[PDB]
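K.L.:
My questions all concern the structure below.
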Amino acid sequence: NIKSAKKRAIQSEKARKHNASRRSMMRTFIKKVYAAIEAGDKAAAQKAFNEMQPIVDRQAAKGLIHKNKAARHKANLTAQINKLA
Amino acid sequence: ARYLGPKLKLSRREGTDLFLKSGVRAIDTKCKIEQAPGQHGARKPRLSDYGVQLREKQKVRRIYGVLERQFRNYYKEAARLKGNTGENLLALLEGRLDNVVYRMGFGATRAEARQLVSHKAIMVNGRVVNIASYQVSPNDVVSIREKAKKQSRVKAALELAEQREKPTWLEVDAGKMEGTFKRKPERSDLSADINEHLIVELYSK
Amino acid sequence: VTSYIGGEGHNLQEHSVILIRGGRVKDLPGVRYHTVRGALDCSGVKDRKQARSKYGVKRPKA
Amino acid sequence: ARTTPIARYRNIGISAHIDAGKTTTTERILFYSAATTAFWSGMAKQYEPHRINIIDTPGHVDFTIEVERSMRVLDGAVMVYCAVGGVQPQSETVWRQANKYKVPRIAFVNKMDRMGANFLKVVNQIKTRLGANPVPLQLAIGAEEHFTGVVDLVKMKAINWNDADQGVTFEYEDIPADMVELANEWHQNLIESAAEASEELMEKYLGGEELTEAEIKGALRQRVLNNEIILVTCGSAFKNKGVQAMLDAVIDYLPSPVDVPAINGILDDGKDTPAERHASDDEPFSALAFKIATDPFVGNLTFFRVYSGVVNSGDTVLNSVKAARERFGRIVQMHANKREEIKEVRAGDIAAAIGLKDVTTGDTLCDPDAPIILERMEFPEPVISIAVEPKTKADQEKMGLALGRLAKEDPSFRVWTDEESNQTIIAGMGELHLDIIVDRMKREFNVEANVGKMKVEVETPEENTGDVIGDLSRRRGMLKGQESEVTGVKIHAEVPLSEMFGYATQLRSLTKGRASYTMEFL
Amino acid sequence: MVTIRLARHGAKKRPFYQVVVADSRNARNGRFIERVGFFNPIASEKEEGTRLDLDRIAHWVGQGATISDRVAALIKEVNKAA
RNA sequence: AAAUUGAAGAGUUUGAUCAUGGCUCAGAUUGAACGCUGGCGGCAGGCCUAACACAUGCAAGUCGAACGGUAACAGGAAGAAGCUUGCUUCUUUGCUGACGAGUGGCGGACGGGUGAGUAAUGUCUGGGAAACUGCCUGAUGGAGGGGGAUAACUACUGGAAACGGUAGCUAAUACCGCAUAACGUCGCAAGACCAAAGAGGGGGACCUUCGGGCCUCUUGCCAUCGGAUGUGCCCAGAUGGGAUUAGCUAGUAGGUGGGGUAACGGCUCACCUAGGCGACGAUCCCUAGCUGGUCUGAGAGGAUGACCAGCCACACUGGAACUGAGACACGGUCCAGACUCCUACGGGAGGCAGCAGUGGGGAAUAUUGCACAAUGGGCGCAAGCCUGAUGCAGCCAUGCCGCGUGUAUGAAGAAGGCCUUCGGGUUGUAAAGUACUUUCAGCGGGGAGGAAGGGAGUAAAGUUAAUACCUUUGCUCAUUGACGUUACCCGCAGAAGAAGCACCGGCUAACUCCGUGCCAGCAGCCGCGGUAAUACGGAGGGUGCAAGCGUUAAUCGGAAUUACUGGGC
Ligand SMILES: Nc1nc2c(ncn2[C@@H]2O[C@H](COP(=O)(O)OP(=O)(O)O)[C@@H](O)[C@H]2O)c(=O)[nH]1
């Protein structure tokens, strides 16, 4: 480039790699919960929900997503699993 | 920014005496002041409405030594102000610093008073003012500023300042070289021939 | 557009560039512009001594 | 402040005929008109780094302003010569150009790497054709292809260059018996000439003794300065040979801005010492815009050499010739084409000013008080007139601006749409000159344009009289005076004006490019 | 970081600043939330060449507004201990 | 208290009149241009067209008090260089000040630009709920414990460079799990779940592995609720012209469920209903950034959106996103295009509508400038560094304002000009002559203020556990201004260095002669000139304005001539 905003380019790329890693992991756990919910096993779905919950809340804490987004995931999943029986 | 020409031409174009010469000798004996300056001055123009309005306005401009710009300003103010437009305008014209210098002597003519103001030979309350348009405020002084006295011309002007209507608002000191401005001249404290309403309608046309 | 050539005597050939201003001629029907004399190789009227700013004549000594 | 002392400043020109070697030697210099500087410490890392300001020139008779408008900015001249031809008519031209401005010349006889190359013969050629009196600084070693180095007449060594790496790793050698006798002969003929600087040198040598090379180099530099002699060197820029010793000779004989008397100016008109000024860092600012350029990037760029004074980036200046006000924003001094912006220039520098929208060539830039004129009020007259027309009849505004800018740049190139009919006619100084003008129009100010369509007085060598007159009688040409001067023959002829159309080029091929003329409407 | 800074009105070679409580983003002369007194650095007999609005400055700085260097110095000079 | 008090007509249809009616002029204004002319100062103004397209030079860095460290300088330490055991200086040691590059943090979304797009996703006014907010601030707490890396520094290689395949790695306020956290999240509940980072200053100890440990304070870190701020969203009204644009709309209008968002929402998907908008102008087409305000007007209104300020929009064209509190990002990423430049031909690199500057276009618009001294802004504990923000300087009568270009005196009312009824008049007190003054310009000398601060020393308390070290608040000390040869002041010389432009038939103020002869020419309108031209051209004179004047262009007025106020058939 021109200035040393190239340093920020490197940092943004590295942070994108990391954020894509963590967002993919988180979304995969939620895919698991959704596959359970469309499978109907309220207990398997419950285990999956308790498996994703610390992941998504830890990510919200990290800032990868927002508190509101994590809470929205948890609320949607609780509603689903409760109507799931 | 100053009319550097024959003053008597102006005066006899107005017909009247506008005093641009030191009123020490005469007016007729220096210029043939009854006929217009032209080779056709002996003839007589009709002087319609606009003619008389322009001629009065130019008489005032030539008396006070003001140019058309800043005369339009002396009208813009005194139109903004309160009271009579023409009276406020004549007051704003007597407030000029070369005006009060002349009316208090120190120069036998408005142009001599202009040189006096301009050459830092004057001091409105000590502070050397040299803006010939300085609108002097009431309750103020003029203080002719030593090294500007005894040049014999301020003396001659002080001597010749008599034989003239003594201003009802000045209180000069004639040698102590002080001079006050106790209050602005009202209407009747001036020539009374100058029909200020003509100028007002010229500029409000 | 057509444009008058004020003043007395000009030098205008077919390729001379000139400055055009407004101001009709009132007896040439259809001429609503005036060639600015003394601008853009359109020299000002020779031997003028009054109203020289118009017709672009530089002040003689006289 | 000043990076290099004024004494360590050389303002040198490289002028010669065509393809004599100028640009090649300049490239060898950058390794070991286009103004460009260099830092040549020495041949043995001696001579703490000098700043040599080199103004590479054209040698074509078309671009003769491009060399005369740098001659009266230069302080020294490095006249290049080929070794098979030596003095050419083009060589005689730039020679007279330098004699007009009284430049202290040295010479560099290039192309000793060619067959038929000679050194003695070319020295004598200079002495006979031009009029110079040359002192051979070097003498070739190796006739045409065997050329390996030279012998000096001061060091008495052989600087035979190493041809493994180009020309940098030269060796000093034993000046062997290849030529070690003519070496002595010309060494003595050099001493006898350096004795010609003072009576106390006549008494010095006449004691039957050879003086020391230190006070021989000083004496010969004095002689070059007073223009009393000319020092000729010997190299081959294409075979990377001889160039560094010509640079040495440049350091050792050419003048610095202080090795000359002051520059005489004018206060308001010709006075006694009106504005005589000397090159110093403390003087009031004074310069001379020797070249106007048309920046490809900007369209305006003014060359100038500061004679007396120190100007800055932003300093206001006085167009003492034009009587106006000029100001500075960007000052660039760099190689032929590149531009290295700096902050200020001192006396003895050569830089390019910018935004200088008023000063034409040869006009003096100076501080509000400095010389109204600084000489240089004469450049040649165009010799060739042609008309021109763009591809579309209405791009003549583009064309007129292009040919007003190019005319500003080249004061020896006019333009005036003659009001006879309307035709925009172009007056240059040569066929190739006008080719260059038209292609610069097509390339820079892109407008593709196709070109089209008295008592003459001619001078020429007294050998081409028969043909030039056959040519003049070939044209509808009656003549006036059959008078021959002394360095030629002055022909006078009455010829049409719709005629001759190329008389300059016809004449140049006809006269061996050694004739001038004039045709101003009898 | 809501600042309280001087705003540099006036004329050339004759400044006159206005103490303005403005978001530190906006330009010097630009957008501001409120103005709290002025400051005239070139006074001889004028209104001290300074005047502040201390109750509102205190309101702001209680709401966390940062005070610039010169505005701190002007609160000093207004508090007659300095 | 005052925050207003403000409204003019004329010329021209006719032989003449009165109406109707258009045209024209008198005013104010301009980012102006052109012609002629031009002395100065102050304050402003300055590409209105090609959002044409840009070369270079600068416009965004900072922190060593986060870290690994040592490339540069310096300080030292050991010298068996230089040598008179050195003051006459050899290398190794990050050891210390410091610091290139590197990891990391914050900034880079601000400030600066332009008005292309945008007729409503915008703007203005006024409300609203379904929200987030770095830095700033308040309240309560936590701030155990540990790992793997990974840049630089470097094993095998590429690559002209940019800069990649693998590795040997080593740090951290880089990353990751754990422990722990509830007025925090989910959940009606129970219950489940979530973080962190340390660095610096000195010191009474007293303990060491000269690492330090330890006590302190200064900052920094994590969580939650607050404020302030900023931002996102919704609504209503208003915000151009054309109907020689009357139908438009299918995610279209809404409903349900899932998904998405920081947040509500057809935002989105899948069904379902068939709705919704429209003569209060939908739809389409042209044009356009909007507002405070600016010009004008007695107003109402008309025109406008240069400067300055608020909002919006764009960044070579088209698209997408990433990082981040904040962007779908002027000086970042990626792609497609056009363009330009570099190349060793193998490859790349860029986007002036940032500041200058440039070509070009145009009637037309400036400095490749000086400082960050002010004030702001980023970083920082600060010192400081950076800032084409900003403050200043340059150019240009571009505008407004102020001043000067002399003042008094002076009748042979000179000469000369011009007119003349031949007497004279006018030029004209005008000149000259005489006396006096020297503003400004020019020299020379003094000289405010924009400068607050910051730093070093000091003392007091607050401080601790300690008179240390930190703050805070005084005292002293040296000091910091680009502008700048500042403003302003004083002295020197002499009226010297400083007046032009338009007009004179009526409107409209100011006339004669000559030469010209419906010619040349003038003209804003009416019109003038074909042999006595105040209308053309010159001269003499006069009138207006004046460092400007006039012309052209543009807006309102006058124009009640789009009549709402305030018109007519
Ligand atoms: N053989 C030979 N050729 C040379 C020498 N110097 C220059 N040249 C050739 O001359 C050609 C052009 O010469 P140039 O540098 O342009 O000189 P110019 O005429 O002044 O422009 C180049 O291709 C060179 O090879 C030399 O010393 N020997």
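Residues in the structure tokens are numbered from 1 in each chain, the chains being A, B, ... in the order shown, and ligands are numbered from 1 in the order shown.
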How close does chain B get to chain F? List, as a Markdown table, each residue of chain B within 9 Å, its nearest atom pair and the distance in Å to one decimal, counting only C-alpha atoms (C1' of nucleotides).
P.N.:
```
| residue | atom | partner | partner_atom | distance |
| --- | --- | --- | --- | --- |
| B:1 | CA | F:546 | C1' | 6.8 |
| B:2 | CA | F:405 | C1' | 8.2 |
| B:4 | CA | F:406 | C1' | 8.6 |
| B:5 | CA | F:430 | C1' | 8.0 |
| B:6 | CA | F:430 | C1' | 6.3 |
| B:8 | CA | F:429 | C1' | 8.2 |
| B:9 | CA | F:428 | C1' | 8.7 |
| B:21 | CA | F:408 | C1' | 8.6 |
| B:22 | CA | F:408 | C1' | 7.7 |
| B:30 | CA | F:429 | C1' | 7.2 |
| B:31 | CA | F:429 | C1' | 7.9 |
| B:37 | CA | F:542 | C1' | 7.8 |
| B:38 | CA | F:541 | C1' | 5.7 |
| B:39 | CA | F:426 | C1' | 4.4 |
| B:40 | CA | F:511 | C1' | 6.9 |
| B:41 | CA | F:426 | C1' | 8.8 |
| B:50 | CA | F:509 | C1' | 8.0 |
| B:51 | CA | F:509 | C1' | 6.3 |
| B:54 | CA | F:509 | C1' | 7.3 |
| B:55 | CA | F:509 | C1' | 8.4 |
| B:67 | CA | F:546 | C1' | 8.5 |
| B:68 | CA | F:545 | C1' | 7.5 |
| B:69 | CA | F:545 | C1' | 8.9 |
| B:80 | CA | F:4 | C1' | 8.6 |
| B:82 | CA | F:4 | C1' | 8.4 |
| B:107 | CA | F:408 | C1' | 8.9 |
| B:108 | CA | F:408 | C1' | 7.9 |
| B:109 | CA | F:408 | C1' | 8.5 |
| B:111 | CA | F:407 | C1' | 6.7 |
| B:112 | CA | F:407 | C1' | 5.2 |
| B:113 | CA | F:407 | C1' | 8.8 |
| B:114 | CA | F:407 | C1' | 8.8 |
| B:115 | CA | F:407 | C1' | 6.6 |
| B:116 | CA | F:437 | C1' | 8.0 |
| B:117 | CA | F:439 | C1' | 8.4 |
| B:118 | CA | F:439 | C1' | 4.7 |
| B:119 | CA | F:439 | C1' | 4.6 |
| B:120 | CA | F:439 | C1' | 7.0 |
| B:130 | CA | F:439 | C1' | 7.5 |
| B:131 | CA | F:403 | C1' | 7.4 |
| B:132 | CA | F:403 | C1' | 8.6 |
| B:133 | CA | F:402 | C1' | 8.9 |
| B:151 | CA | F:436 | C1' | 7.4 |
| B:152 | CA | F:436 | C1' | 7.8 |
| B:153 | CA | F:436 | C1' | 6.6 |
| B:204 | CA | F:8 | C1' | 8.6 |
| B:205 | CA | F:8 | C1' | 6.4 |
```
K.L.:
Residues of chain D that have any atom at most 9 Å from an atom of chain F: could you tabulate them with the shortest-distance atom pair and the distance in Å to one decimal, using only C-alpha atoms (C1' of nucleotides), ordered by chain and increasing number, as a Markdown table?
P.N.:
```
| residue | atom | partner | partner_atom | distance |
| --- | --- | --- | --- | --- |
| D:296 | CA | F:55 | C1' | 8.5 |
| D:297 | CA | F:55 | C1' | 5.2 |
| D:298 | CA | F:358 | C1' | 4.7 |
| D:299 | CA | F:359 | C1' | 7.4 |
| D:313 | CA | F:369 | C1' | 7.9 |
| D:314 | CA | F:369 | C1' | 5.7 |
| D:316 | CA | F:394 | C1' | 8.9 |
| D:327 | CA | F:394 | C1' | 8.3 |
| D:328 | CA | F:369 | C1' | 8.0 |
| D:329 | CA | F:368 | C1' | 5.6 |
| D:330 | CA | F:368 | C1' | 5.1 |
| D:331 | CA | F:368 | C1' | 8.8 |
| D:339 | CA | F:56 | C1' | 8.6 |
| D:341 | CA | F:57 | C1' | 7.8 |
| D:354 | CA | F:368 | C1' | 7.9 |
| D:355 | CA | F:368 | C1' | 8.5 |
| D:445 | CA | F:359 | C1' | 8.7 |
```
K.L.:
Residues up to 8 Å from ligand 1, counting only C-alpha atoms (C1' of nucleotides) and all ligand atoms: could you list those as a VMD selection string?
P.N.:
chain D and resid 16 to 25 57 to 59 110 to 114 235 to 240
K.L.:
Could you turn the residues from that selection into a file that holds C-alpha atoms, as a CSV table (one decimal), in the first residue's frame?
P.N.:
```csv
chain,number,residue,atom,x,y,z
D,16,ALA,CA,30.4,17.7,-30.5
D,17,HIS,CA,29.1,16.8,-33.9
D,18,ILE,CA,26.5,14.0,-34.3
D,19,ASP,CA,27.2,10.5,-32.8
D,20,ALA,CA,30.7,11.7,-32.0
D,21,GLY,CA,30.2,10.0,-28.6
D,22,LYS,CA,28.5,12.6,-26.4
D,23,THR,CA,25.7,10.4,-25.0
D,24,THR,CA,28.0,7.3,-24.7
D,25,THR,CA,30.6,9.2,-22.7
D,57,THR,CA,23.7,18.4,-25.7
D,58,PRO,CA,22.4,17.5,-29.1
D,59,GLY,CA,24.8,17.8,-32.0
D,110,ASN,CA,36.5,9.6,-28.8
D,111,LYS,CA,36.2,6.5,-31.1
D,112,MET,CA,39.8,5.4,-30.9
D,113,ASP,CA,38.1,2.0,-31.0
D,114,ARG,CA,37.3,2.3,-34.7
D,235,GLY,CA,39.2,7.5,-25.0
D,236,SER,CA,36.7,5.0,-26.2
D,237,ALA,CA,33.3,5.3,-24.5
D,238,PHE,CA,31.9,2.3,-26.4
D,239,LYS,CA,34.8,0.0,-25.4
D,240,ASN,CA,34.7,1.5,-21.9
```
K.L.:
At a cut-off of 10 Å, which residues of chain D touch chain C? Count only C-alpha atoms and give the answer as a PyMOL selection string.
P.N.:
chain D and resi 394+396-397+419+421-423
K.L.:
Considering only C-alpha atoms (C1' of nucleotides), return as a PyMOL selection string whatever protein or nucleic-acid residues lie within 9 Å of region 32-38 of chain E, sequence-local ones (same chain, fewer than 5 positions apart) excluded.
P.N.:
chain E and resi 4+6+16-23+26-27+49-54+56-57
K.L.:
Which residues in region 86-167 of chain D does DSSP call strand (DSSP E)? List them as a PyMOL selection string.
P.N.:
chain D and resi 105-109+134-136+138-141+149-152
K.L.:
With only C-alpha atoms (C1' of nucleotides) as the counted atoms, please give the residues lying no more than 7 Å from region 553-560 of chain F, apart from itself and same-chain residues fewer than 5 positions off, as a PDB file with C-alpha atoms (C1' of nucleotides), in the first residue's frame.
P.N.:
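Just written: selection-v7.pdb:
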```pdb
ATOM      1  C1'   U F 296     -34.530  41.044  -3.204  1.00  0.00           C
ATOM      2  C1'   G F 297     -39.375  42.909  -1.468  1.00  0.00           C
ATOM      3  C1'   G F 302     -40.004  35.646  -5.906  1.00  0.00           C
ATOM      4  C1'   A F 303     -34.994  33.729  -6.864  1.00  0.00           C
ATOM      5  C1'   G F 566     -53.545  42.271  -5.008  1.00  0.00           C
ATOM      6  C1'   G F 567     -56.069  41.730 -11.618  1.00  0.00           C
TER       7        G F 567
END
```
K.L.:
Compute the set of chain C residues within 10 Å of chain F, using only C-alpha atoms (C1' of nucleotides), and express it as a PyMOL selection string.
P.N.:
chain C and resi 6-9+19-27+33-34+36-39+44+47-59
K.L.:
For region 63-75 of chain E, work out the shell of residues within 7 Å, counting only C-alpha atoms (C1' of nucleotides) and skipping chain neighbours fewer than 3 positions away, then give it as a list in words.
P.N.:
residues 1, 2, 3, 4, 5, 59, 60, 78 and 79 of chain E; 136, 137, 227, 228 and 452 of chain F
K.L.:
Using DSSP on the backbone coordinates, identify the residues of region 150-281 of chain D assigned to helix (DSSP H, G or I); present them as an MDAnalysis selection string.
P.N.:
chainID D and resid 182:194 199:205 214:225 243:253
K.L.:
For chain F, list the residues within 10 Å of chain E, counting only C-alpha atoms (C1' of nucleotides), and write the list as a ChimeraX atom specification.
P.N.:
/F:43-44,110-111,134-138,227-230,308-310,374-377,389-392,449-450,452-453,473-474,483,486-487
K.L.:
Within 8 Å of region 183-196 of chain B, counting only C-alpha atoms (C1' of nucleotides), which residues qualify if same-chain residues fewer than 3 places away don't, as a ChimeraX atom specification?
P.N.:
/B:56,60,86-87,90-91,94-95,138-139,167-169,199-200
K.L.:
Now that the selection is made, can you save its residues with C-alpha atoms as a JSON list (two decimals), in the first residue's frame?
P.N.:
```json
[["chain", "number", "residue", "atom", "x", "y", "z"],
["B", 56, "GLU", "CA", -28.79, 69.86, -3.05],
["B", 60, "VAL", "CA", -23.94, 68.76, 0.92],
["B", 86, "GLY", "CA", -32.27, 64.14, 7.40],
["B", 87, "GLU", "CA", -31.54, 65.53, 10.85],
["B", 90, "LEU", "CA", -26.73, 66.16, 9.21],
["B", 91, "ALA", "CA", -25.70, 65.16, 12.73],
["B", 94, "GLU", "CA", -21.21, 67.22, 11.75],
["B", 95, "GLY", "CA", -19.76, 64.36, 13.80],
["B", 138, "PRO", "CA", -20.36, 63.93, 22.47],
["B", 139, "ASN", "CA", -18.47, 64.81, 25.64],
["B", 167, "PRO", "CA", -20.95, 76.87, 17.15],
["B", 168, "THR", "CA", -23.41, 76.20, 19.96],
["B", 169, "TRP", "CA", -21.86, 72.81, 20.69],
["B", 199, "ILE", "CA", -31.56, 64.39, -0.07],
["B", 200, "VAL", "CA", -33.76, 61.90, 1.77]]
```
K.L.:
Got a sec to pull out which chain A residues are within 7 Å of chain F, counting only C-alpha atoms (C1' of nucleotides), and send them as a PyMOL selection string?
P.N.:
chain A and resi 5+9+12+15-16+53-54+57-58+61+68+71+74-75
K.L.:
Can you work out the spacing between CA of residue 138 (chain D) and CA of residue 47 (chain D) in Å, to one decimal?
P.N.:
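Computing the Euclidean distance for CA of residue 138 (chain D) and CA of residue 47 (chain D) yields 19.9 Å.
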K.L.:
When you draw a straight line from CA of residue 252 (chain D) to CA of residue 55 (chain D), how long is it in Å?
P.N.:
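Rounded to one decimal, the two atoms are 18.3 Å apart.
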K.L.:
Provide the CA of residue 48 (chain B) to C1' of residue 543 (chain F) distance in Å, to one decimal place.
P.N.:
15.0 Å
